[PDB]
Amino acid sequence: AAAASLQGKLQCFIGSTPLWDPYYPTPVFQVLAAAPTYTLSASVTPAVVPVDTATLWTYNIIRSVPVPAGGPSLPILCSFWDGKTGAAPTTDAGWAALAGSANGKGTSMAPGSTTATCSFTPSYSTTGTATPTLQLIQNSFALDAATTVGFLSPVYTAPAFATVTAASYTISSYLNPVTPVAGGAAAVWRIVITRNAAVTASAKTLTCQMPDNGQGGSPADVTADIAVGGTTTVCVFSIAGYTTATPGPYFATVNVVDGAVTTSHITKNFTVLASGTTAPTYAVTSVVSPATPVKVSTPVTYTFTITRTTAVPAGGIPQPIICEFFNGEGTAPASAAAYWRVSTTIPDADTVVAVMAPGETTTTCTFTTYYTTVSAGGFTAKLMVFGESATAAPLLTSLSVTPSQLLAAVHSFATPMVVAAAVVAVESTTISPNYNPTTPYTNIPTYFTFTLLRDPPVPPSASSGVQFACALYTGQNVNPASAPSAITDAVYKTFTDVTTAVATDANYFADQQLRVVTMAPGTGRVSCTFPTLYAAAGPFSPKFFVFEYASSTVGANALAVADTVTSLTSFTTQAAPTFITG
Ligand SMILES: *[C@@H]1O[C@H](CO)[C@@H](O[C@@H]2O[C@H](CO)[C@@H](O)[C@H](O)[C@H]2NC(C)=O)[C@H](O)[C@H]1NC(C)=O
């Protein structure tokens, strides 16, 4: 019989006891006099998509008979074939197997509804038309790929093909040196080729040729490679033999081919200097702010002015500038070429991209650095300059092309930067609880919070925060059972570590304690809380010490003077009150 709402009854027994009493009702299921039909519509975005780019396919599914109101939402498994890669599965088992991966989506028809949506984002790899095929399965918790039957027969084919167009190429170029000298150093044309979409199958081999270098010559054809997932490649043309017989301005044509696709480009302008003339030479001047000396973590700004002997031609190609700056702290780069450090992104704290504009002589590279260690000898920061574009800079190492060494030797700052240690002081020593801000009660746990402020705050974006070991000797000679041998730095340094001590163990209330506190980056001060318990009332002289901390080892005194003691005001503990707030 055909009915609208129907309920089953499942009753199961372990041994003799039933899991549910009197039974477990099952969700409402509708009985249909005929097989429901599944109408379907498809939409594309964009209708025309470049190769190796995502395209949104949207399928709207409409069911002839609405899902029962009281029953559960109907699970639907959209197995979709983009129509361009491989072949569509021939059996429903193939669709079920394919739907496990990203090519198969899972939606749910809500109860009392007649519509559902399935969206996919395929990325085609070949040019031409693509017509997808989609099939619907049921996503029951126990879906057998073999015996399952899709509700859709025959497999729906979207009557709206997507047009996958071929890839495009944007071609830029620059020259090193920007004004080649005839018969001298060989000129190098660096050609940056950018693809409108990243390659996915494998590395692609662009073929770059230069029919004319402005002088009428034709250098040997070059092949450049673009790696998987990359959108940029560099083609290097080493031309030697430029001549000044033709009038000053010149321009070169370069065509780059990828199979059928051909893209032509013309370099803007450039001038070849007369043979025998002295090649233009670059120099660097350096300024610092503030002046020597500076403290640790103080923002130090270096400004380097790069000056060319002669101005760049007004109509020619502007010269890219890559400034790699080493602040002087740590291991210096091995040589000038070693300064081509691998940078994740171009505008980092060590690499700066500038442009010497045509008709201009000087440019400026600005760096901001923080000095961590202390060196009274002074740090001599250095700078190295290359001529490379920002786009081609990251991938020059991958393509095994030597960056253009734009300087004869590394520029070293004239005056070494003498760096002194930061100044840290104990701002306040609060007691909780306390009869007055100077003395605590007796026979109750009292906590001393010491606040330490560093005059130059730990800079944001620092690798790690600073660490301070704070040592305290309250007195009363109970838990250590003896006074410290001497007030010297070493004796208090040798104190036990209780940074992770809890109230259970006997070290929680120790007359001699040593704790570790980390000043986080972007903070100026830290606090250390020490628990104490004054069993007996009497005069007391708590002693406090601060030390630097590194690699879980206690360093020298943090107060910049050997054997510096922060002596709390002497006090006599008085009786505690018994009133309870509430
Ligand atoms: C880049 O060089 C080209 C080639 O010389 C310049 O185009 C022509 O240059 C000749 C040089 O004798 C002039 O007589 C023509 O008048 C130029 N043509 C045009 C349309 O201006 C071109 O001017 C140079 N580019 C710049 C920006 O100066």
# chains A, B, ... in the order shown; residues from 1 in each chain; ligands from 1
>>> residues_near_ligand(ligand="ligand 1", cutoff="9 Å", atoms="only C-alpha atoms and all ligand atoms", output="VMD selection string")
chain A and resid 214 247 to 251 267 to 271 314 to 316
>>> closest_residue(among="A:352, A:458, A:130, A:444", to="residue 509 of chain A", atoms="only C-alpha atoms")
A:444
>>> atom_distance(atom1="atom CA of residue 563 of chain A", atom2="atom CA of residue 482 of chain A")
20.5 Å
>>> residues_around(residues="segment 433-439 of chain A", least_positions_apart="3", cutoff="12 Å", atoms="only C-alpha atoms", output="PDB file with N, CA and C atoms, in the first residue's frame")
ATOM      1  N   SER A 428      58.222  47.924  41.871  1.00  0.00           N
ATOM      2  CA  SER A 428      57.436  47.838  43.091  1.00  0.00           C
ATOM      3  C   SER A 428      57.480  46.419  43.635  1.00  0.00           C
ATOM      4  N   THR A 429      57.303  46.309  44.953  1.00  0.00           N
ATOM      5  CA  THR A 429      57.296  45.035  45.672  1.00  0.00           C
ATOM      6  C   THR A 429      56.040  45.019  46.539  1.00  0.00           C
ATOM      7  N   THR A 430      54.937  44.542  45.976  1.00  0.00           N
ATOM      8  CA  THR A 430      53.661  44.526  46.678  1.00  0.00           C
ATOM      9  C   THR A 430      53.511  43.249  47.495  1.00  0.00           C
ATOM     10  N   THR A 442      51.105  37.226  60.050  1.00  0.00           N
ATOM     11  CA  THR A 442      51.888  36.075  60.474  1.00  0.00           C
ATOM     12  C   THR A 442      51.062  34.800  60.363  1.00  0.00           C
ATOM     13  N   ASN A 443      51.753  33.696  60.086  1.00  0.00           N
ATOM     14  CA  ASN A 443      51.177  32.353  60.053  1.00  0.00           C
ATOM     15  C   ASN A 443      50.110  32.195  58.976  1.00  0.00           C
ATOM     16  N   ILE A 444      50.073  33.100  58.002  1.00  0.00           N
ATOM     17  CA  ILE A 444      49.197  32.950  56.842  1.00  0.00           C
ATOM     18  C   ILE A 444      50.045  33.122  55.588  1.00  0.00           C
ATOM     19  N   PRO A 445      49.665  32.519  54.462  1.00  0.00           N
ATOM     20  CA  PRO A 445      50.472  32.652  53.240  1.00  0.00           C
ATOM     21  C   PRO A 445      50.402  34.070  52.697  1.00  0.00           C
ATOM     22  N   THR A 446      51.566  34.687  52.524  1.00  0.00           N
ATOM     23  CA  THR A 446      51.672  36.030  51.976  1.00  0.00           C
ATOM     24  C   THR A 446      52.481  35.980  50.691  1.00  0.00           C
ATOM     25  N   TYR A 447      52.013  36.686  49.669  1.00  0.00           N
ATOM     26  CA  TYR A 447      52.624  36.636  48.350  1.00  0.00           C
ATOM     27  C   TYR A 447      53.265  37.980  48.036  1.00  0.00           C
ATOM     28  N   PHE A 448      54.533  37.936  47.639  1.00  0.00           N
ATOM     29  CA  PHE A 448      55.291  39.115  47.244  1.00  0.00           C
ATOM     30  C   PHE A 448      55.331  39.181  45.724  1.00  0.00           C
ATOM     31  N   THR A 449      54.766  40.240  45.159  1.00  0.00           N
ATOM     32  CA  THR A 449      54.786  40.460  43.720  1.00  0.00           C
ATOM     33  C   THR A 449      55.795  41.556  43.415  1.00  0.00           C
ATOM     34  N   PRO A 531      55.522  32.996  46.922  1.00  0.00           N
ATOM     35  CA  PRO A 531      54.757  32.703  48.138  1.00  0.00           C
ATOM     36  C   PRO A 531      55.657  32.448  49.336  1.00  0.00           C
ATOM     37  N   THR A 532      55.277  33.030  50.475  1.00  0.00           N
ATOM     38  CA  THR A 532      56.032  32.900  51.711  1.00  0.00           C
ATOM     39  C   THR A 532      55.067  32.658  52.860  1.00  0.00           C
ATOM     40  N   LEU A 533      55.613  32.164  53.970  1.00  0.00           N
ATOM     41  CA  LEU A 533      54.837  31.907  55.180  1.00  0.00           C
ATOM     42  C   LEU A 533      55.716  32.226  56.379  1.00  0.00           C
ATOM     43  N   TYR A 534      55.374  33.288  57.104  1.00  0.00           N
ATOM     44  CA  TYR A 534      56.166  33.740  58.247  1.00  0.00           C
ATOM     45  C   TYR A 534      55.610  33.083  59.504  1.00  0.00           C
ATOM     46  N   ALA A 537      56.876  35.756  64.496  1.00  0.00           N
ATOM     47  CA  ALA A 537      56.900  37.207  64.385  1.00  0.00           C
ATOM     48  C   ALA A 537      58.235  37.746  64.882  1.00  0.00           C
ATOM     49  N   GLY A 538      58.818  38.663  64.117  1.00  0.00           N
ATOM     50  CA  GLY A 538      60.072  39.275  64.483  1.00  0.00           C
ATOM     51  C   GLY A 538      60.623  40.134  63.365  1.00  0.00           C
ATOM     52  N   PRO A 539      61.757  40.787  63.611  1.00  0.00           N
ATOM     53  CA  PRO A 539      62.397  41.570  62.549  1.00  0.00           C
ATOM     54  C   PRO A 539      62.828  40.675  61.397  1.00  0.00           C
ATOM     55  N   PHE A 540      62.716  41.203  60.180  1.00  0.00           N
ATOM     56  CA  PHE A 540      63.056  40.445  58.987  1.00  0.00           C
ATOM     57  C   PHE A 540      63.624  41.391  57.941  1.00  0.00           C
ATOM     58  N   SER A 541      64.591  40.900  57.168  1.00  0.00           N
ATOM     59  CA  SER A 541      65.233  41.673  56.106  1.00  0.00           C
ATOM     60  C   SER A 541      65.264  40.839  54.834  1.00  0.00           C
ATOM     61  N   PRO A 542      64.151  40.780  54.102  1.00  0.00           N
ATOM     62  CA  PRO A 542      64.145  40.042  52.834  1.00  0.00           C
ATOM     63  C   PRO A 542      65.115  40.649  51.832  1.00  0.00           C
ATOM     64  N   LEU A 568      64.322  44.830  50.773  1.00  0.00           N
ATOM     65  CA  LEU A 568      63.017  45.301  51.205  1.00  0.00           C
ATOM     66  C   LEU A 568      63.116  45.941  52.584  1.00  0.00           C
ATOM     67  N   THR A 569      62.204  46.872  52.852  1.00  0.00           N
ATOM     68  CA  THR A 569      62.168  47.524  54.153  1.00  0.00           C
ATOM     69  C   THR A 569      61.900  46.499  55.245  1.00  0.00           C
ATOM     70  N   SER A 570      62.680  46.570  56.320  1.00  0.00           N
ATOM     71  CA  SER A 570      62.540  45.611  57.406  1.00  0.00           C
ATOM     72  C   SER A 570      61.183  45.765  58.080  1.00  0.00           C
ATOM     73  N   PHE A 571      60.644  44.644  58.555  1.00  0.00           N
ATOM     74  CA  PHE A 571      59.308  44.644  59.126  1.00  0.00           C
ATOM     75  C   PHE A 571      59.202  43.560  60.188  1.00  0.00           C
ATOM     76  N   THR A 572      58.199  43.711  61.050  1.00  0.00           N
ATOM     77  CA  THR A 572      57.842  42.707  62.043  1.00  0.00           C
ATOM     78  C   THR A 572      56.397  42.300  61.809  1.00  0.00           C
ATOM     79  N   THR A 573      56.181  41.018  61.530  1.00  0.00           N
ATOM     80  CA  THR A 573      54.840  40.529  61.245  1.00  0.00           C
ATOM     81  C   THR A 573      53.954  40.640  62.479  1.00  0.00           C
ATOM     82  N   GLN A 574      52.714  41.064  62.268  1.00  0.00           N
ATOM     83  CA  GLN A 574      51.737  41.203  63.336  1.00  0.00           C
ATOM     84  C   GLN A 574      50.593  40.221  63.116  1.00  0.00           C
ATOM     85  N   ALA A 575      49.766  40.075  64.151  1.00  0.00           N
ATOM     86  CA  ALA A 575      48.714  39.066  64.143  1.00  0.00           C
ATOM     87  C   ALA A 575      47.705  39.328  63.031  1.00  0.00           C
ATOM     88  N   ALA A 576      47.201  38.247  62.444  1.00  0.00           N
ATOM     89  CA  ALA A 576      46.250  38.331  61.351  1.00  0.00           C
ATOM     90  C   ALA A 576      44.830  38.519  61.882  1.00  0.00           C
ATOM     91  N   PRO A 577      43.962  39.168  61.112  1.00  0.00           N
ATOM     92  CA  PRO A 577      42.561  39.297  61.517  1.00  0.00           C
ATOM     93  C   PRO A 577      41.785  38.021  61.218  1.00  0.00           C
TER      94      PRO A 577
END
>>> closest_residue(among="A:579, A:20, A:156, A:371", to="residue 301 of chain A", atoms="only C-alpha atoms")
A:371
>>> atom_distance(atom1="atom CA of residue 255 of chain A", atom2="atom CA of residue 221 of chain A")
10.1 Å
>>> residues_around(residues="segment 405-417 of chain A", least_positions_apart="2", cutoff="10 Å", atoms="only C-alpha atoms", output="number ranges by chain")
A: 176-177, 281-288, 290-295, 300, 302, 304, 321-322, 325-328, 335-337, 339-340, 371, 375-388, 402-403, 419-420
>>> residues_around(residues="segment 394-400 of chain A", least_positions_apart="2", cutoff="10 Å", atoms="only C-alpha atoms", output="list in words")
residues 224, 225, 226, 227, 230, 232, 233, 234, 235, 340, 341, 342, 343, 344, 345, 346, 388, 389, 390, 391, 392, 402 and 403 of chain A
>>> write_last_selection(atoms="N, CA, C and O atoms", output="mmCIF file, in the first residue's frame")
data_model
loop_
_atom_site.group_PDB
_atom_site.id
_atom_site.type_symbol
_atom_site.label_atom_id
_atom_site.label_comp_id
_atom_site.auth_asym_id
_atom_site.auth_seq_id
_atom_site.Cartn_x
_atom_site.Cartn_y
_atom_site.Cartn_z
ATOM 1 N N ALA A 224 63.577 28.823 -20.939
ATOM 2 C CA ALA A 224 63.365 29.075 -19.524
ATOM 3 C C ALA A 224 62.343 28.088 -18.978
ATOM 4 O O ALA A 224 61.502 27.569 -19.716
ATOM 5 N N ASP A 225 62.423 27.828 -17.679
ATOM 6 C CA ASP A 225 61.574 26.841 -17.031
ATOM 7 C C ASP A 225 60.757 27.502 -15.931
ATOM 8 O O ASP A 225 61.267 28.344 -15.186
ATOM 9 N N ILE A 226 59.488 27.117 -15.837
ATOM 10 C CA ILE A 226 58.603 27.551 -14.764
ATOM 11 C C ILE A 226 58.188 26.319 -13.971
ATOM 12 O O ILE A 226 57.732 25.323 -14.549
ATOM 13 N N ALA A 227 58.371 26.380 -12.655
ATOM 14 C CA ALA A 227 58.190 25.223 -11.795
ATOM 15 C C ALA A 227 56.719 25.036 -11.431
ATOM 16 O O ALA A 227 55.869 25.893 -11.685
ATOM 17 N N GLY A 230 54.254 27.663 -9.722
ATOM 18 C CA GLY A 230 54.775 28.997 -9.917
ATOM 19 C C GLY A 230 54.127 29.704 -11.093
ATOM 20 O O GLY A 230 53.628 29.077 -12.024
ATOM 21 N N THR A 232 55.888 32.567 -12.462
ATOM 22 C CA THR A 232 56.926 33.468 -12.936
ATOM 23 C C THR A 232 58.168 32.675 -13.314
ATOM 24 O O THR A 232 58.525 31.707 -12.637
ATOM 25 N N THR A 233 58.814 33.091 -14.399
ATOM 26 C CA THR A 233 60.091 32.529 -14.814
ATOM 27 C C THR A 233 60.974 33.650 -15.341
ATOM 28 O O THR A 233 60.502 34.748 -15.651
ATOM 29 N N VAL A 234 62.270 33.368 -15.429
ATOM 30 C CA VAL A 234 63.262 34.344 -15.860
ATOM 31 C C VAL A 234 64.047 33.765 -17.026
ATOM 32 O O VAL A 234 64.530 32.630 -16.954
ATOM 33 N N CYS A 235 64.172 34.542 -18.095
ATOM 34 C CA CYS A 235 64.976 34.189 -19.254
ATOM 35 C C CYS A 235 66.167 35.134 -19.329
ATOM 36 O O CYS A 235 65.997 36.357 -19.283
ATOM 37 N N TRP A 340 72.948 37.228 -0.880
ATOM 38 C CA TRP A 340 71.677 36.929 -1.541
ATOM 39 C C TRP A 340 70.907 35.905 -0.705
ATOM 40 O O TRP A 340 70.692 34.756 -1.094
ATOM 41 N N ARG A 341 70.487 36.352 0.476
ATOM 42 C CA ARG A 341 69.805 35.470 1.408
ATOM 43 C C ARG A 341 68.423 35.096 0.887
ATOM 44 O O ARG A 341 67.755 35.881 0.209
ATOM 45 N N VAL A 342 67.997 33.877 1.212
ATOM 46 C CA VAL A 342 66.673 33.412 0.816
ATOM 47 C C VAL A 342 65.630 34.110 1.681
ATOM 48 O O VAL A 342 65.583 33.915 2.901
ATOM 49 N N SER A 343 64.794 34.928 1.052
ATOM 50 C CA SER A 343 63.762 35.686 1.746
ATOM 51 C C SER A 343 62.393 35.143 1.364
ATOM 52 O O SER A 343 62.107 34.950 0.178
ATOM 53 N N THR A 344 61.556 34.889 2.373
ATOM 54 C CA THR A 344 60.209 34.396 2.106
ATOM 55 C C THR A 344 59.397 35.415 1.318
ATOM 56 O O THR A 344 58.694 35.059 0.364
ATOM 57 N N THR A 345 59.480 36.686 1.700
ATOM 58 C CA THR A 345 58.821 37.767 0.985
ATOM 59 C C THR A 345 59.809 38.910 0.796
ATOM 60 O O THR A 345 60.731 39.092 1.596
ATOM 61 N N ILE A 346 59.617 39.671 -0.286
ATOM 62 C CA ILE A 346 60.608 40.685 -0.660
ATOM 63 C C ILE A 346 60.767 41.803 0.363
ATOM 64 O O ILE A 346 61.912 42.190 0.637
ATOM 65 N N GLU A 388 68.098 43.669 -9.497
ATOM 66 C CA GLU A 388 67.117 42.648 -9.842
ATOM 67 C C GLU A 388 65.732 43.170 -9.494
ATOM 68 O O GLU A 388 65.562 43.877 -8.498
ATOM 69 N N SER A 389 64.748 42.806 -10.309
ATOM 70 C CA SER A 389 63.382 43.233 -10.059
ATOM 71 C C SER A 389 62.793 42.478 -8.872
ATOM 72 O O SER A 389 63.251 41.396 -8.496
ATOM 73 N N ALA A 390 61.759 43.073 -8.275
ATOM 74 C CA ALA A 390 61.099 42.441 -7.137
ATOM 75 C C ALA A 390 60.453 41.121 -7.534
ATOM 76 O O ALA A 390 60.519 40.139 -6.785
ATOM 77 N N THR A 391 59.820 41.079 -8.708
ATOM 78 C CA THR A 391 59.143 39.861 -9.139
ATOM 79 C C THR A 391 60.129 38.721 -9.359
ATOM 80 O O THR A 391 59.872 37.582 -8.956
ATOM 81 N N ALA A 392 61.267 39.008 -9.989
ATOM 82 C CA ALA A 392 62.233 37.969 -10.319
ATOM 83 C C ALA A 392 63.175 37.635 -9.173
ATOM 84 O O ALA A 392 63.919 36.655 -9.273
ATOM 85 N N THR A 402 72.991 33.706 -11.442
ATOM 86 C CA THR A 402 73.718 34.551 -10.502
ATOM 87 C C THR A 402 73.105 35.943 -10.476
ATOM 88 O O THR A 402 72.985 36.575 -11.534
ATOM 89 N N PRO A 403 72.698 36.455 -9.317
ATOM 90 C CA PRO A 403 72.162 37.818 -9.266
ATOM 91 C C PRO A 403 73.220 38.830 -9.669
ATOM 92 O O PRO A 403 74.416 38.635 -9.442
#
>>> residues_around(residues="segment 44-50 of chain A", least_positions_apart="6", cutoff="9 Å", atoms="only C-alpha atoms", output="ChimeraX atom specification")
/A:56-58,124,127,160-168,196-197
>>> select_by_dssp(residues="segment 44-237 of chain A", states="alpha helix (DSSP H)", output="list in words")
residues 92, 93, 94, 95, 96, 97, 98 and 99 of chain A
>>> select_by_dssp(residues="segment 163-247 of chain A", states="strand (DSSP E or B)", output="VMD selection string")
chain A and resid 163 to 165 169 to 176 181 187 to 195 204 to 212 222 to 226 232 to 239
>>> write_last_selection(atoms="C-alpha atoms", output="short mmCIF file (atom, residue, chain, number, x, y, z; two decimals), in the first residue's frame")
data_model
loop_
_atom_site.label_atom_id
_atom_site.label_comp_id
_atom_site.auth_asym_id
_atom_site.auth_seq_id
_atom_site.Cartn_x
_atom_site.Cartn_y
_atom_site.Cartn_z
CA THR A 163 35.30 27.23 -22.48
CA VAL A 164 38.84 26.75 -21.16
CA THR A 165 41.05 29.31 -22.90
CA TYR A 169 51.95 35.72 -20.62
CA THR A 170 52.97 39.16 -19.37
CA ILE A 171 56.58 39.98 -20.26
CA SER A 172 58.75 42.54 -18.49
CA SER A 173 62.48 43.06 -18.91
CA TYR A 174 65.52 44.85 -17.56
CA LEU A 175 69.20 45.09 -18.43
CA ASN A 176 72.43 44.85 -16.43
CA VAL A 181 79.81 49.79 -22.69
CA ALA A 187 75.24 42.90 -21.18
CA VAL A 188 72.60 40.68 -19.58
CA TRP A 189 68.92 41.01 -20.47
CA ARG A 190 66.76 39.54 -17.71
CA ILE A 191 63.25 38.82 -18.97
CA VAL A 192 60.49 38.19 -16.44
CA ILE A 193 57.66 36.08 -17.87
CA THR A 194 54.48 35.87 -15.78
CA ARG A 195 51.65 33.40 -16.39
CA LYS A 204 56.67 24.13 -18.29
CA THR A 205 59.37 25.11 -20.79
CA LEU A 206 58.94 28.59 -22.21
CA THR A 207 61.09 29.33 -25.27
CA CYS A 208 62.38 32.91 -25.47
CA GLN A 209 63.99 34.27 -28.63
CA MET A 210 65.25 37.77 -29.42
CA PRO A 211 65.01 38.60 -33.14
CA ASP A 212 66.67 41.99 -32.62
CA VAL A 222 67.04 30.43 -24.87
CA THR A 223 64.76 28.10 -22.92
CA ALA A 224 63.37 29.08 -19.52
CA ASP A 225 61.57 26.84 -17.03
CA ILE A 226 58.60 27.55 -14.76
CA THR A 232 56.93 33.47 -12.94
CA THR A 233 60.09 32.53 -14.81
CA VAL A 234 63.26 34.34 -15.86
CA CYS A 235 64.98 34.19 -19.25
CA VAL A 236 68.60 35.34 -19.40
CA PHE A 237 70.12 36.69 -22.63
CA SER A 238 73.88 37.25 -22.45
CA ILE A 239 74.72 39.62 -25.32
#
>>> closest_residue(among="A:351, A:507, A:277, A:512", to="residue 491 of chain A", atoms="only C-alpha atoms")
A:512
>>> atom_distance(atom1="atom CA of residue 182 of chain A", atom2="atom CA of residue 278 of chain A")
10.6 Å
>>> residues_around(residues="residue 228 of chain A", least_positions_apart="6", cutoff="9 Å", atoms="only C-alpha atoms", output="PDB file with N, CA, C and O atoms, in the first residue's frame")
ATOM      1  N   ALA A 198      48.889  29.542 -12.357  1.00  0.00           N
ATOM      2  CA  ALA A 198      49.986  28.663 -11.984  1.00  0.00           C
ATOM      3  C   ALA A 198      49.863  27.317 -12.684  1.00  0.00           C
ATOM      4  O   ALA A 198      48.765  26.772 -12.832  1.00  0.00           O
ATOM      5  N   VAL A 199      51.003  26.777 -13.118  1.00  0.00           N
ATOM      6  CA  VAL A 199      51.009  25.462 -13.743  1.00  0.00           C
ATOM      7  C   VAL A 199      50.777  24.393 -12.682  1.00  0.00           C
ATOM      8  O   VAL A 199      51.102  24.572 -11.499  1.00  0.00           O
ATOM      9  N   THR A 200      50.191  23.281 -13.097  1.00  0.00           N
ATOM     10  CA  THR A 200      49.830  22.239 -12.144  1.00  0.00           C
ATOM     11  C   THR A 200      50.362  20.865 -12.516  1.00  0.00           C
ATOM     12  O   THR A 200      50.756  20.108 -11.627  1.00  0.00           O
ATOM     13  N   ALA A 201      50.379  20.519 -13.805  1.00  0.00           N
ATOM     14  CA  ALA A 201      50.792  19.176 -14.199  1.00  0.00           C
ATOM     15  C   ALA A 201      52.269  18.946 -13.909  1.00  0.00           C
ATOM     16  O   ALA A 201      52.640  17.957 -13.266  1.00  0.00           O
ATOM     17  N   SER A 202      53.125  19.856 -14.360  1.00  0.00           N
ATOM     18  CA  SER A 202      54.569  19.742 -14.182  1.00  0.00           C
ATOM     19  C   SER A 202      55.194  21.071 -14.586  1.00  0.00           C
ATOM     20  O   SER A 202      54.493  22.033 -14.917  1.00  0.00           O
ATOM     21  N   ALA A 203      56.522  21.116 -14.555  1.00  0.00           N
ATOM     22  CA  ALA A 203      57.237  22.304 -14.997  1.00  0.00           C
ATOM     23  C   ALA A 203      57.030  22.513 -16.491  1.00  0.00           C
ATOM     24  O   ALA A 203      56.983  21.557 -17.268  1.00  0.00           O
ATOM     25  N   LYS A 204      56.902  23.774 -16.894  1.00  0.00           N
ATOM     26  CA  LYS A 204      56.673  24.125 -18.288  1.00  0.00           C
ATOM     27  C   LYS A 204      57.890  24.846 -18.851  1.00  0.00           C
ATOM     28  O   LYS A 204      58.560  25.605 -18.142  1.00  0.00           O
TER      29      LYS A 204
END
>>> closest_residue(among="A:101, A:467, A:114, A:60", to="residue 548 of chain A", atoms="only C-alpha atoms")
A:467
>>> closest_residue(among="A:31, A:51, A:353, A:517", to="residue 123 of chain A", atoms="only C-alpha atoms")
A:51
>>> closest_residue(among="A:62, A:425, A:506, A:471", to="residue 494 of chain A", atoms="only C-alpha atoms")
A:471
